[PDB]
Structures are given as structure tokens and as C-alpha cells.
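Note: the block below is final.cif and it holds mmCIF, C-alpha atoms and all ligand atoms.
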```cif
data_input
loop_
_atom_site.group_PDB
_atom_site.id
_atom_site.type_symbol
_atom_site.label_atom_id
_atom_site.label_comp_id
_atom_site.auth_asym_id
_atom_site.auth_seq_id
_atom_site.Cartn_x
_atom_site.Cartn_y
_atom_site.Cartn_z
ATOM 1 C CA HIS A 1 6.104 -13.479 15.054
ATOM 2 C CA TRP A 2 7.175 -10.769 12.653
ATOM 3 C CA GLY A 3 6.336 -7.164 13.381
ATOM 4 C CA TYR A 4 7.968 -3.746 13.529
ATOM 5 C CA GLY A 5 9.605 -3.683 16.958
ATOM 6 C CA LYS A 6 13.297 -3.784 17.752
ATOM 7 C CA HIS A 7 13.160 -7.531 18.234
ATOM 8 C CA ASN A 8 10.907 -8.606 15.339
ATOM 9 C CA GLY A 9 11.110 -5.766 12.827
ATOM 10 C CA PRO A 10 12.453 -5.406 9.299
ATOM 11 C CA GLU A 11 16.076 -6.178 10.225
ATOM 12 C CA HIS A 12 15.021 -9.607 11.550
ATOM 13 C CA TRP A 13 12.619 -10.694 8.809
ATOM 14 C CA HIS A 14 15.293 -12.353 6.665
ATOM 15 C CA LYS A 15 15.743 -15.148 9.246
ATOM 16 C CA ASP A 16 12.282 -16.555 8.472
ATOM 17 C CA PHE A 17 11.798 -14.989 5.022
ATOM 18 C CA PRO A 18 15.186 -15.177 3.273
ATOM 19 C CA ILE A 19 13.727 -13.462 0.177
ATOM 20 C CA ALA A 20 14.012 -10.301 2.301
ATOM 21 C CA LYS A 21 17.533 -10.067 0.798
ATOM 22 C CA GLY A 22 16.292 -10.817 -2.727
ATOM 23 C CA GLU A 23 16.785 -9.119 -6.057
ATOM 24 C CA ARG A 24 13.475 -7.225 -6.347
ATOM 25 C CA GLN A 25 12.501 -6.141 -2.836
ATOM 26 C CA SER A 26 10.277 -3.210 -1.944
ATOM 27 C CA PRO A 27 10.009 -0.428 -1.023
ATOM 28 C CA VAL A 28 12.770 1.552 -2.746
ATOM 29 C CA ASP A 29 13.900 5.135 -2.870
ATOM 30 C CA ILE A 30 12.623 6.794 -6.046
ATOM 31 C CA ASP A 31 15.414 8.946 -7.474
ATOM 32 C CA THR A 32 13.315 11.386 -9.494
ATOM 33 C CA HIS A 33 16.277 12.501 -11.621
ATOM 34 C CA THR A 34 17.298 9.006 -12.717
ATOM 35 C CA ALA A 35 13.699 7.865 -13.339
ATOM 36 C CA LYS A 36 13.141 7.923 -17.098
ATOM 37 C CA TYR A 37 9.943 8.810 -18.932
ATOM 38 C CA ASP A 38 8.691 5.720 -20.767
ATOM 39 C CA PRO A 39 6.625 6.633 -23.858
ATOM 40 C CA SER A 40 5.570 2.980 -24.204
ATOM 41 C CA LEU A 41 3.495 2.989 -20.990
ATOM 42 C CA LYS A 42 -0.164 2.866 -21.962
ATOM 43 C CA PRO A 43 -2.685 5.190 -20.295
ATOM 44 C CA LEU A 44 -3.440 4.112 -16.726
ATOM 45 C CA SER A 45 -7.071 3.268 -15.936
ATOM 46 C CA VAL A 46 -8.271 3.253 -12.329
ATOM 47 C CA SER A 47 -11.890 2.042 -12.592
ATOM 48 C CA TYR A 48 -13.418 2.020 -9.117
ATOM 49 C CA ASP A 49 -16.991 3.221 -9.747
ATOM 50 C CA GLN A 50 -18.536 -0.223 -9.028
ATOM 51 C CA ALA A 51 -16.342 -1.076 -6.025
ATOM 52 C CA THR A 52 -17.958 -3.127 -3.252
ATOM 53 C CA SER A 53 -16.252 -2.611 0.096
ATOM 54 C CA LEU A 54 -17.121 -5.129 2.783
ATOM 55 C CA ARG A 55 -15.179 -4.936 6.031
ATOM 56 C CA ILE A 56 -12.366 -3.226 7.897
ATOM 57 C CA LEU A 57 -9.962 -5.413 9.910
ATOM 58 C CA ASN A 58 -7.128 -4.708 12.386
ATOM 59 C CA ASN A 59 -4.707 -7.511 11.515
ATOM 60 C CA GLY A 60 -2.068 -6.578 14.098
ATOM 61 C CA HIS A 61 0.152 -4.892 11.514
ATOM 62 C CA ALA A 62 -2.177 -2.344 9.888
ATOM 63 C CA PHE A 63 -5.884 -2.124 9.105
ATOM 64 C CA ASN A 64 -7.241 -3.501 5.841
ATOM 65 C CA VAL A 65 -10.384 -2.345 4.037
ATOM 66 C CA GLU A 66 -11.517 -5.426 2.125
ATOM 67 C CA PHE A 67 -13.431 -5.532 -1.157
ATOM 68 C CA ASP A 68 -15.493 -8.132 -2.940
ATOM 69 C CA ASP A 69 -13.175 -9.509 -5.609
ATOM 70 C CA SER A 70 -15.432 -12.309 -6.875
ATOM 71 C CA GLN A 71 -16.043 -10.471 -10.178
ATOM 72 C CA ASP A 72 -14.677 -7.547 -12.177
ATOM 73 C CA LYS A 73 -15.742 -4.394 -10.343
ATOM 74 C CA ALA A 74 -12.998 -2.120 -9.020
ATOM 75 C CA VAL A 75 -10.162 -2.785 -11.479
ATOM 76 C CA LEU A 76 -6.770 -1.338 -12.405
ATOM 77 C CA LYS A 77 -5.666 -1.539 -16.043
ATOM 78 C CA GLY A 78 -3.218 0.105 -18.386
ATOM 79 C CA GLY A 79 0.090 1.733 -17.630
ATOM 80 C CA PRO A 80 2.707 -1.000 -17.294
ATOM 81 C CA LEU A 81 0.071 -3.680 -16.802
ATOM 82 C CA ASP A 82 -0.808 -6.520 -19.144
ATOM 83 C CA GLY A 83 -4.388 -7.484 -18.362
ATOM 84 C CA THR A 84 -6.903 -6.728 -15.648
ATOM 85 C CA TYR A 85 -6.087 -6.451 -11.956
ATOM 86 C CA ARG A 86 -8.874 -6.606 -9.373
ATOM 87 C CA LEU A 87 -8.882 -4.607 -6.152
ATOM 88 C CA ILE A 88 -8.873 -6.852 -3.073
ATOM 89 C CA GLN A 89 -7.934 -4.528 -0.184
ATOM 90 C CA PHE A 90 -6.282 -1.301 0.788
ATOM 91 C CA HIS A 91 -4.258 -0.390 3.850
ATOM 92 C CA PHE A 92 -1.765 2.225 5.030
ATOM 93 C CA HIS A 93 1.680 2.478 6.594
ATOM 94 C CA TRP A 94 2.404 5.416 8.887
ATOM 95 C CA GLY A 95 4.760 6.891 11.430
ATOM 96 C CA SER A 96 4.880 7.931 15.064
ATOM 97 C CA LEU A 97 5.528 11.528 13.869
ATOM 98 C CA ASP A 98 4.673 13.362 10.648
ATOM 99 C CA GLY A 99 8.309 13.237 9.432
ATOM 100 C CA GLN A 100 8.244 9.493 8.754
ATOM 101 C CA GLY A 101 5.812 6.758 7.838
ATOM 102 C CA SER A 102 6.012 6.149 4.107
ATOM 103 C CA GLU A 103 7.677 3.039 2.693
ATOM 104 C CA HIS A 104 8.735 4.452 -0.653
ATOM 105 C CA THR A 105 10.725 7.674 -0.475
ATOM 106 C CA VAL A 106 11.134 10.369 -3.121
ATOM 107 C CA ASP A 107 14.715 11.635 -3.413
ATOM 108 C CA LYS A 108 15.077 10.219 0.116
ATOM 109 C CA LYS A 109 12.091 12.269 1.407
ATOM 110 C CA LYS A 110 9.819 10.377 3.780
ATOM 111 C CA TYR A 111 6.108 11.211 3.791
ATOM 112 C CA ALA A 112 3.827 10.909 6.837
ATOM 113 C CA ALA A 113 2.087 7.813 5.478
ATOM 114 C CA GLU A 114 1.518 5.709 2.378
ATOM 115 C CA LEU A 115 -1.693 4.120 1.057
ATOM 116 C CA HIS A 116 -1.498 0.777 -0.776
ATOM 117 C CA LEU A 117 -4.402 -0.317 -3.001
ATOM 118 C CA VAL A 118 -3.712 -4.007 -3.670
ATOM 119 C CA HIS A 119 -4.857 -5.723 -6.869
ATOM 120 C CA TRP A 120 -4.385 -9.217 -8.325
ATOM 121 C CA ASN A 121 -4.074 -10.298 -11.951
ATOM 122 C CA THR A 122 -7.289 -11.996 -12.991
ATOM 123 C CA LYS A 123 -5.509 -14.341 -15.396
ATOM 124 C CA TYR A 124 -4.435 -16.333 -12.309
ATOM 125 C CA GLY A 125 -7.945 -16.829 -10.931
ATOM 126 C CA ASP A 126 -7.317 -16.100 -7.214
ATOM 127 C CA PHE A 127 -4.987 -14.002 -5.050
ATOM 128 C CA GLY A 128 -3.257 -17.125 -3.764
ATOM 129 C CA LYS A 129 -2.309 -18.273 -7.266
ATOM 130 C CA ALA A 130 -1.379 -14.720 -8.242
ATOM 131 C CA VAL A 131 1.305 -14.606 -5.510
ATOM 132 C CA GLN A 132 3.032 -17.524 -7.222
ATOM 133 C CA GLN A 133 3.584 -15.398 -10.358
ATOM 134 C CA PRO A 134 6.084 -12.659 -11.252
ATOM 135 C CA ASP A 135 3.234 -10.454 -12.525
ATOM 136 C CA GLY A 136 0.618 -11.563 -10.032
ATOM 137 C CA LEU A 137 -0.057 -8.290 -8.210
ATOM 138 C CA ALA A 138 -0.235 -4.559 -8.840
ATOM 139 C CA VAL A 139 -0.087 -2.166 -5.898
ATOM 140 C CA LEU A 140 -1.073 1.472 -6.377
ATOM 141 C CA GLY A 141 0.862 3.508 -3.828
ATOM 142 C CA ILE A 142 -0.172 7.012 -2.773
ATOM 143 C CA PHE A 143 1.760 9.251 -0.415
ATOM 144 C CA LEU A 144 0.074 11.155 2.420
ATOM 145 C CA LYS A 145 1.303 14.539 3.606
ATOM 146 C CA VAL A 146 -0.194 16.487 6.490
ATOM 147 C CA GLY A 147 -2.121 19.641 5.643
ATOM 148 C CA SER A 148 -5.788 20.002 4.764
ATOM 149 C CA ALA A 149 -8.183 17.187 5.633
ATOM 150 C CA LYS A 150 -9.046 14.530 3.037
ATOM 151 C CA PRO A 151 -12.862 14.240 3.119
ATOM 152 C CA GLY A 152 -12.856 10.795 1.519
ATOM 153 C CA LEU A 153 -10.665 9.471 4.354
ATOM 154 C CA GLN A 154 -12.902 10.579 7.209
ATOM 155 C CA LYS A 155 -15.190 7.534 7.157
ATOM 156 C CA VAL A 156 -12.088 5.367 7.658
ATOM 157 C CA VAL A 157 -10.856 7.556 10.521
ATOM 158 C CA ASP A 158 -14.117 7.479 12.238
ATOM 159 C CA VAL A 159 -14.460 3.710 12.365
ATOM 160 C CA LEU A 160 -11.007 3.056 13.869
ATOM 161 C CA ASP A 161 -12.217 3.272 17.484
ATOM 162 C CA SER A 162 -14.241 0.096 16.781
ATOM 163 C CA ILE A 163 -11.216 -1.921 15.598
ATOM 164 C CA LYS A 164 -8.634 -0.722 18.115
ATOM 165 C CA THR A 165 -6.976 -4.088 18.739
ATOM 166 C CA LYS A 166 -5.653 -6.980 16.695
ATOM 167 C CA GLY A 167 -8.355 -9.308 15.445
ATOM 168 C CA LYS A 168 -11.226 -6.829 15.582
ATOM 169 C CA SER A 169 -13.255 -6.097 12.457
ATOM 170 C CA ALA A 170 -16.288 -4.014 11.547
ATOM 171 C CA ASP A 171 -18.700 -3.776 8.645
ATOM 172 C CA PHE A 172 -17.418 -1.236 6.126
ATOM 173 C CA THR A 173 -19.862 -1.386 3.227
ATOM 174 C CA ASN A 174 -20.573 1.413 0.756
ATOM 175 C CA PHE A 175 -17.121 3.009 0.939
ATOM 176 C CA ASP A 176 -15.884 4.706 -2.238
ATOM 177 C CA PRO A 177 -12.090 4.396 -2.667
ATOM 178 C CA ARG A 178 -12.146 7.054 -5.404
ATOM 179 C CA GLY A 179 -12.161 9.596 -2.587
ATOM 180 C CA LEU A 180 -8.595 8.595 -1.637
ATOM 181 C CA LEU A 181 -6.972 9.510 -4.960
ATOM 182 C CA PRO A 182 -5.114 12.731 -5.822
ATOM 183 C CA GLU A 183 -6.066 14.745 -8.904
ATOM 184 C CA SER A 184 -3.211 13.554 -11.113
ATOM 185 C CA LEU A 185 -2.406 9.973 -12.047
ATOM 186 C CA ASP A 186 1.223 10.731 -12.977
ATOM 187 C CA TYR A 187 3.279 7.843 -11.604
ATOM 188 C CA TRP A 188 6.525 5.961 -11.294
ATOM 189 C CA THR A 189 6.623 2.184 -11.811
ATOM 190 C CA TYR A 190 9.052 -0.631 -11.127
ATOM 191 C CA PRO A 191 8.976 -4.392 -10.371
ATOM 192 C CA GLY A 192 9.130 -5.287 -6.684
ATOM 193 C CA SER A 193 7.692 -7.215 -3.797
ATOM 194 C CA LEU A 194 5.268 -7.249 -0.920
ATOM 195 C CA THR A 195 6.653 -4.931 1.773
ATOM 196 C CA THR A 196 5.619 -7.253 4.613
ATOM 197 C CA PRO A 197 6.312 -10.964 5.117
ATOM 198 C CA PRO A 198 6.142 -13.133 3.109
ATOM 199 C CA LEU A 199 7.906 -10.459 0.971
ATOM 200 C CA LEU A 200 6.973 -12.243 -2.262
ATOM 201 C CA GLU A 201 8.414 -10.819 -5.488
ATOM 202 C CA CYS A 202 5.130 -10.615 -7.382
ATOM 203 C CA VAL A 203 4.333 -6.909 -7.539
ATOM 204 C CA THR A 204 4.247 -4.289 -10.255
ATOM 205 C CA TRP A 205 4.444 -1.089 -8.188
ATOM 206 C CA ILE A 206 2.682 2.026 -9.447
ATOM 207 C CA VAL A 207 3.504 4.952 -7.146
ATOM 208 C CA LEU A 208 1.648 8.203 -7.768
ATOM 209 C CA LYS A 209 3.737 11.364 -7.860
ATOM 210 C CA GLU A 210 1.083 13.652 -6.344
ATOM 211 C CA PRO A 211 0.525 13.089 -2.603
ATOM 212 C CA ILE A 212 -2.847 13.439 -0.990
ATOM 213 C CA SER A 213 -3.207 15.859 1.895
ATOM 214 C CA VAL A 214 -4.715 14.599 5.140
ATOM 215 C CA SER A 215 -5.148 16.534 8.350
ATOM 216 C CA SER A 216 -3.034 16.108 11.454
ATOM 217 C CA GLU A 217 -6.158 14.904 13.272
ATOM 218 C CA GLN A 218 -6.763 12.198 10.660
ATOM 219 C CA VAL A 219 -3.273 10.694 10.951
ATOM 220 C CA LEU A 220 -3.304 11.082 14.754
ATOM 221 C CA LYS A 221 -6.264 8.700 14.816
ATOM 222 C CA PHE A 222 -4.278 6.090 12.868
ATOM 223 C CA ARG A 223 -1.719 6.285 15.684
ATOM 224 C CA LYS A 224 -4.313 5.403 18.358
ATOM 225 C CA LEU A 225 -4.673 1.884 16.986
ATOM 226 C CA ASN A 226 -2.961 -1.000 18.770
ATOM 227 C CA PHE A 227 -0.695 -3.738 17.457
ATOM 228 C CA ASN A 228 -1.771 -5.952 20.377
ATOM 229 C CA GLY A 229 -5.005 -7.778 21.044
ATOM 230 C CA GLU A 230 -7.657 -6.936 23.576
ATOM 231 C CA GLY A 231 -6.476 -7.446 27.135
ATOM 232 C CA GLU A 232 -2.786 -7.445 26.183
ATOM 233 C CA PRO A 233 -0.280 -4.681 26.951
ATOM 234 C CA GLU A 234 -1.006 -1.663 24.774
ATOM 235 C CA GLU A 235 1.493 -1.176 21.958
ATOM 236 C CA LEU A 236 0.547 1.757 19.759
ATOM 237 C CA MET A 237 0.334 0.894 16.054
ATOM 238 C CA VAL A 238 2.926 3.343 14.732
ATOM 239 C CA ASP A 239 5.995 3.043 12.498
ATOM 240 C CA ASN A 240 4.579 0.070 10.590
ATOM 241 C CA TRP A 241 6.779 0.777 7.555
ATOM 242 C CA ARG A 242 9.698 -1.069 6.003
ATOM 243 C CA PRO A 243 12.663 1.110 5.009
ATOM 244 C CA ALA A 244 13.904 1.398 1.439
ATOM 245 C CA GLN A 245 15.690 -1.653 0.046
ATOM 246 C CA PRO A 246 18.468 -1.938 -2.556
ATOM 247 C CA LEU A 247 17.378 -1.160 -6.105
ATOM 248 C CA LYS A 248 19.776 -3.734 -7.586
ATOM 249 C CA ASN A 249 19.218 -4.483 -11.292
ATOM 250 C CA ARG A 250 16.097 -2.349 -11.708
ATOM 251 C CA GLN A 251 15.035 0.873 -13.373
ATOM 252 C CA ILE A 252 12.183 3.106 -12.306
ATOM 253 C CA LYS A 253 10.097 4.404 -15.197
ATOM 254 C CA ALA A 254 7.978 7.549 -15.215
ATOM 255 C CA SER A 255 4.621 8.002 -16.937
ATOM 256 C CA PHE A 256 5.261 11.712 -17.481
ATOM 257 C CA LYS A 257 7.784 13.667 -19.535
HETATM 258 O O1 LIG A 301 -21.005 3.433 -2.059
HETATM 259 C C1 LIG A 301 -19.675 3.508 -2.560
HETATM 260 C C2 LIG A 301 -19.655 3.362 -4.065
HETATM 261 O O2 LIG A 301 -20.079 2.016 -4.340
HETATM 262 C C3 LIG A 301 -20.160 1.691 -5.728
HETATM 263 O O3 LIG A 301 -20.543 0.372 -5.890
HETATM 264 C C4 LIG A 301 -21.187 2.599 -6.380
HETATM 265 O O4 LIG A 301 -21.366 2.249 -7.748
HETATM 266 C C5 LIG A 301 -20.728 4.039 -6.232
HETATM 267 O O5 LIG A 301 -21.664 4.920 -6.837
HETATM 268 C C6 LIG A 301 -20.572 4.371 -4.754
HETATM 269 O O6 LIG A 301 -20.029 5.678 -4.603
HETATM 270 O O1 LIG A 302 20.054 0.228 -24.475
HETATM 271 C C1 LIG A 302 19.298 1.422 -24.309
HETATM 272 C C2 LIG A 302 18.153 1.215 -23.345
HETATM 273 O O2 LIG A 302 18.728 1.007 -22.049
HETATM 274 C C3 LIG A 302 17.764 0.619 -21.076
HETATM 275 O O3 LIG A 302 18.415 0.420 -19.871
HETATM 276 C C4 LIG A 302 16.701 1.704 -20.912
HETATM 277 O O4 LIG A 302 15.658 1.222 -20.073
HETATM 278 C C5 LIG A 302 16.091 2.093 -22.251
HETATM 279 O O5 LIG A 302 15.220 3.208 -22.079
HETATM 280 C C6 LIG A 302 17.180 2.388 -23.274
HETATM 281 O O6 LIG A 302 16.602 2.600 -24.553
HETATM 282 O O1 LIG A 303 -18.699 3.469 3.949
HETATM 283 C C1 LIG A 303 -18.060 2.961 5.115
HETATM 284 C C2 LIG A 303 -18.883 3.173 6.367
HETATM 285 O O2 LIG A 303 -18.943 4.590 6.592
HETATM 286 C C3 LIG A 303 -19.628 4.943 7.791
HETATM 287 O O3 LIG A 303 -19.039 4.326 8.890
HETATM 288 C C4 LIG A 303 -21.071 4.485 7.692
HETATM 289 O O4 LIG A 303 -21.742 4.816 8.900
HETATM 290 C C5 LIG A 303 -21.130 2.985 7.453
HETATM 291 O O5 LIG A 303 -22.473 2.572 7.236
HETATM 292 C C6 LIG A 303 -20.297 2.615 6.237
HETATM 293 O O6 LIG A 303 -20.215 1.202 6.141
HETATM 294 N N1 LIG A 304 2.341 -3.682 1.806
HETATM 295 S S1 LIG A 304 1.990 -4.399 0.430
HETATM 296 O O1 LIG A 304 3.193 -4.718 -0.281
HETATM 297 O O2 LIG A 304 0.990 -3.633 -0.251
HETATM 298 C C1 LIG A 304 1.223 -5.959 0.817
HETATM 299 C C2 LIG A 304 1.831 -6.809 1.743
HETATM 300 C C3 LIG A 304 1.268 -8.052 1.990
HETATM 301 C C4 LIG A 304 0.126 -8.460 1.330
HETATM 302 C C5 LIG A 304 -0.427 -7.606 0.430
HETATM 303 F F1 LIG A 304 -1.548 -8.006 -0.213
HETATM 304 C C6 LIG A 304 0.085 -6.352 0.137
HETATM 305 ZN ZN ZN A 305 1.452 -1.985 2.205
#
```
This structure in C-alpha cells:
Amino acid sequence: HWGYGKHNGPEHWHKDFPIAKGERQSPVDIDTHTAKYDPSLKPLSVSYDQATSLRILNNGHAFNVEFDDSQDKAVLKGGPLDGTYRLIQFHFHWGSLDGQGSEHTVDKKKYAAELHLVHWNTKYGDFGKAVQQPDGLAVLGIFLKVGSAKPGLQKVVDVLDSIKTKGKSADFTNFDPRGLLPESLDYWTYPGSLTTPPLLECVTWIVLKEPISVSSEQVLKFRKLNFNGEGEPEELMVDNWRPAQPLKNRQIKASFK
């Protein structure tokens, strides 16, 4: 099964998911000097005040915080997006050390981790139909650097001991994802893909320029999770990131002059 190890990691994925070598794969390096300000991008609207979180799950690759997406609540609109995209889950990618962990890079810089808030285009009715469409998904990506603690992350940190191994879940109601955002919504955007199998080319990426700061202790607790299930040999859940992929025939646009 796919994973991040030497024998099943990103360099192997193409054998079962040939789109891994496709024309709009993610992540990419964001060259900040070649990214061009796009005056046509509409204002971005992150509207999370009515979000309904439900559960946190260790899926053997990362942990997902899942949201009720049965009606318009937490939604992402504007920017490059045509229509309304509903929040379904967020998760992170992170490293074994603070010097790596992000999927996107900024002028080749790797951050300690990267948060992905995943949304699907409501015109397609359900996530499964959305991932059959070129404009089915929008992922809001946020870099994490290590410094001061992020208060809005601590509830996540503090529940991880209850979902240590693959297949474990816990109730995670009444969590406010607004506490994970930076101050500024300046962003870069480009068309890409899921960064894990099945690597589907359905995503409008919106990557915020301003990182959030998290404490060393917060990210260290991410690294205590396990890729394996209960009773199996312990494999620490670290380095669950895909490296940057070829930009090919794409341009990265900036929301800011
Ligand atoms: O409890 C987390 C969040 O859930 C939302 O549904 C509420 O409207 C917010 O006020 C609250 O902060
Ligand atoms: O032909 C000129 C156009 O080239 C495109 O590649 C750029 O995205 C546009 O910003 C530019 O106006
Ligand atoms: O908001 C997410 C979670 O935070 C804390 O773990 C609370 O104890 C729990 O009740 C809540 O579900
Ligand atoms: N890492 S990611 O591209 O955000 C992603 C991968 C797979 C499924 C999904 F909903 C989101
Ligand atoms: Zn992701």
C-alpha cells in the first residue's frame, strides 16, 4: 500500500497511480519572483463562523479533522474560485525535524509543516463527484514555522494521544478552524492535484503567504503519532510530505501587488 517509506513512498506512487507523472501535479515550488500579481482575482472569502467539526481520525497517513458538509456552513469563496466550496476536512503534513515537512516550498524553502483545509465545489453535489471535475476542489494551504505557540492549535495537539495509531478516531466537536489562520489572506494560486494517491488533478490551490507560528512542543506531538495500527511495529508518523513536482505549463498568480 502507498505510504512515505523508502519502499512505498512518493517515488513509487506512479506504478499504481500513473497520473503521478501528469501535467498538473502538486505540490510545486512557488518562485515568488516569477509569480505575477493578478488584478482579476476577486476578494477571497473564508467564512468559517458556522463550521461544525465532528471527529478526528488517524488514517495511517496523517490525521484528519472532519466537518459536517451536508449544508453550506464553513465555506470558501472568491479569489480564483467560481462558486461556493464547502469545507470537508483539514489535515497537516510535517517533518521529522523542523527544517522539512511542508509540501509546497517558497523559493525552495521548506517549512516545518503545512496545513491543508480541503473544500469541494457545491455545484457537483458531493465530494466524490467533485473529484471527477477539473474544478472540483479548493485546498487552502498554510505554512507552519516553529516559534511561538498557536493557541488555536492546542486542542488538536492535546487529542493526539487518543488517536495514536491507524484507524483510531475521537469525537472532535466544537472546534473552530478560524484559530488556525494567519492574520493576512495574501496568497498564491495555481491549478494542481491531490498530493496523496489518487493524485487526482481536481484542485485549485490557494497557498497563503503568511505562515502561522506553532511551538516546538506542538509539532513534536504531531511526531509522536504512528503510521501503523495498534499492536503493529511502531513507525513514527513523520515526513508525510510529497516533494515539489514539475510546474510544466502552469503559472502561479499572486493576490497581492
Ligand atoms: O465551537 C466552534 C465554533 O462553532 C461554530 O459553529 C460556532 O458558530 C462558532 O461560534 C464556534 O466558535
Ligand atoms: O499574453 C500576455 C499574457 O501572458 C500570460 O501568460 C500571462 O498570464 C498574462 O498575465 C499576460 O497578460
Ligand atoms: O473542540 C475540539 C475538542 O477540544 C477539546 O478536546 C474538548 O475537550 C472537546 O470537547 C472538543 O471536542
Ligand atoms: N493533501 S491534499 O492534496 O490536501 C488531499 C489529498 C487527498 C484527499 C484530499 F481530500 C486532500
Ligand atoms: Zn494535504
In Å, rounded to a single decimal, give me how far CA of residue 198 in chain A is from atom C2 of ligand LIG 304 (chain A). 7.8 Å
Given a cut-off of 9 Å, what residues near ligand LIG 304 (chain A) show up using all atoms listed in the file, put as a VMD selection string? chain A and resid 26 to 27 88 to 93 103 115 to 120 127 131 137 to 141 192 to 200 203 205 241 to 242
Hey, which residues sit close to ligand LIG 303 (chain A)? Say within 8 Å, counting only C-alpha atoms and all ligand atoms, and write them as a ChimeraX atom specification. /A:53-55,155-156,158-159,171-176
Show me, as lines of an AutoDock Vina configuration file, the centre and edge lengths in Å to one decimal of the axis-aligned box that covers every listed atom of range 20-33 of chain A with 3 Å on each side.
```
center_x = 13.8
center_y = 0.8
center_z = -4.7
size_x = 13.5
size_y = 29.3
size_z = 19.9
```
Closest contacts (chain A/ligand LIG 302 (chain A), max 12 Å, all atoms listed in the file) as a Markdown table:
```
| residue | atom | partner | partner_atom | distance |
| --- | --- | --- | --- | --- |
| A:34 | CA | A:LIG302 | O4 | 10.8 |
| A:35 | CA | A:LIG302 | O4 | 9.7 |
| A:36 | CA | A:LIG302 | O5 | 7.2 |
| A:37 | CA | A:LIG302 | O5 | 8.3 |
| A:38 | CA | A:LIG302 | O5 | 7.1 |
| A:39 | CA | A:LIG302 | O5 | 9.4 |
| A:40 | CA | A:LIG302 | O5 | 9.9 |
| A:41 | CA | A:LIG302 | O5 | 11.8 |
| A:190 | CA | A:LIG302 | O4 | 11.3 |
| A:249 | CA | A:LIG302 | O3 | 9.9 |
| A:250 | CA | A:LIG302 | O3 | 8.9 |
| A:251 | CA | A:LIG302 | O4 | 6.7 |
| A:252 | CA | A:LIG302 | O4 | 8.7 |
| A:253 | CA | A:LIG302 | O4 | 8.1 |
| A:254 | CA | A:LIG302 | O5 | 10.9 |
```
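Across the structure, CA of residue 144 in chain A and CA of residue 94 in chain A are spaced 9.0 Å apart.
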Which of these, A:80, A:211, A:95, A:179, has the shortest distance to residue 143 in chain A once you count all atoms listed in the file? A:211
Some atoms are absent from range 54-73 of chain A, so rebuild N, CA and C atoms and return them as a PDB file, keeping the file's coordinate frame.
```pdb
ATOM      1  N   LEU A  54     -16.424  -4.203   1.908  1.00  0.00           N
ATOM      2  CA  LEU A  54     -17.121  -5.129   2.783  1.00  0.00           C
ATOM      3  C   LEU A  54     -16.838  -4.922   4.262  1.00  0.00           C
ATOM      4  N   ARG A  55     -15.575  -4.788   4.645  1.00  0.00           N
ATOM      5  CA  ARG A  55     -15.179  -4.936   6.031  1.00  0.00           C
ATOM      6  C   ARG A  55     -13.875  -4.199   6.241  1.00  0.00           C
ATOM      7  N   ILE A  56     -13.645  -3.776   7.478  1.00  0.00           N
ATOM      8  CA  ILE A  56     -12.366  -3.226   7.897  1.00  0.00           C
ATOM      9  C   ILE A  56     -11.846  -4.070   9.058  1.00  0.00           C
ATOM     10  N   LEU A  57     -10.562  -4.448   8.993  1.00  0.00           N
ATOM     11  CA  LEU A  57      -9.962  -5.413   9.910  1.00  0.00           C
ATOM     12  C   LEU A  57      -8.648  -4.863  10.455  1.00  0.00           C
ATOM     13  N   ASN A  58      -8.443  -4.923  11.772  1.00  0.00           N
ATOM     14  CA  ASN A  58      -7.128  -4.708  12.386  1.00  0.00           C
ATOM     15  C   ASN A  58      -6.432  -6.064  12.413  1.00  0.00           C
ATOM     16  N   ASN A  59      -5.387  -6.232  11.597  1.00  0.00           N
ATOM     17  CA  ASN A  59      -4.707  -7.511  11.515  1.00  0.00           C
ATOM     18  C   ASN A  59      -3.449  -7.572  12.374  1.00  0.00           C
ATOM     19  N   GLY A  60      -3.238  -6.593  13.252  1.00  0.00           N
ATOM     20  CA  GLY A  60      -2.068  -6.578  14.098  1.00  0.00           C
ATOM     21  C   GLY A  60      -0.849  -5.933  13.490  1.00  0.00           C
ATOM     22  N   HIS A  61      -0.919  -5.576  12.224  1.00  0.00           N
ATOM     23  CA  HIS A  61       0.152  -4.892  11.514  1.00  0.00           C
ATOM     24  C   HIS A  61      -0.314  -3.561  10.954  1.00  0.00           C
ATOM     25  N   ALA A  62      -1.535  -3.530  10.424  1.00  0.00           N
ATOM     26  CA  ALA A  62      -2.177  -2.344   9.888  1.00  0.00           C
ATOM     27  C   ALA A  62      -3.681  -2.611   9.987  1.00  0.00           C
ATOM     28  N   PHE A  63      -4.476  -1.799   9.316  1.00  0.00           N
ATOM     29  CA  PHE A  63      -5.884  -2.124   9.105  1.00  0.00           C
ATOM     30  C   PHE A  63      -6.136  -2.251   7.610  1.00  0.00           C
ATOM     31  N   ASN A  64      -6.900  -3.266   7.231  1.00  0.00           N
ATOM     32  CA  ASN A  64      -7.241  -3.501   5.841  1.00  0.00           C
ATOM     33  C   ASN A  64      -8.721  -3.221   5.612  1.00  0.00           C
ATOM     34  N   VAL A  65      -9.026  -2.474   4.560  1.00  0.00           N
ATOM     35  CA  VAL A  65     -10.384  -2.345   4.037  1.00  0.00           C
ATOM     36  C   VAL A  65     -10.484  -3.336   2.886  1.00  0.00           C
ATOM     37  N   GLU A  66     -11.380  -4.293   3.031  1.00  0.00           N
ATOM     38  CA  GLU A  66     -11.517  -5.426   2.125  1.00  0.00           C
ATOM     39  C   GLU A  66     -12.654  -5.200   1.148  1.00  0.00           C
ATOM     40  N   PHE A  67     -12.465  -5.682  -0.084  1.00  0.00           N
ATOM     41  CA  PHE A  67     -13.431  -5.532  -1.157  1.00  0.00           C
ATOM     42  C   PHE A  67     -13.811  -6.888  -1.724  1.00  0.00           C
ATOM     43  N   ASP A  68     -15.070  -6.991  -2.145  1.00  0.00           N
ATOM     44  CA  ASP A  68     -15.493  -8.132  -2.940  1.00  0.00           C
ATOM     45  C   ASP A  68     -14.683  -8.180  -4.228  1.00  0.00           C
ATOM     46  N   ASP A  69     -13.976  -9.284  -4.414  1.00  0.00           N
ATOM     47  CA  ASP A  69     -13.175  -9.509  -5.609  1.00  0.00           C
ATOM     48  C   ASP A  69     -13.626 -10.768  -6.340  1.00  0.00           C
ATOM     49  N   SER A  70     -14.905 -11.116  -6.223  1.00  0.00           N
ATOM     50  CA  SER A  70     -15.432 -12.309  -6.875  1.00  0.00           C
ATOM     51  C   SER A  70     -15.859 -12.059  -8.318  1.00  0.00           C
ATOM     52  N   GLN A  71     -15.733 -10.824  -8.802  1.00  0.00           N
ATOM     53  CA  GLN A  71     -16.043 -10.471 -10.178  1.00  0.00           C
ATOM     54  C   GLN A  71     -15.368  -9.139 -10.470  1.00  0.00           C
ATOM     55  N   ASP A  72     -15.308  -8.789 -11.750  1.00  0.00           N
ATOM     56  CA  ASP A  72     -14.677  -7.547 -12.177  1.00  0.00           C
ATOM     57  C   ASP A  72     -15.540  -6.364 -11.762  1.00  0.00           C
ATOM     58  N   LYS A  73     -15.072  -5.612 -10.774  1.00  0.00           N
ATOM     59  CA  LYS A  73     -15.742  -4.394 -10.343  1.00  0.00           C
ATOM     60  C   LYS A  73     -14.696  -3.289 -10.305  1.00  0.00           C
TER      61      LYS A  73
END
```
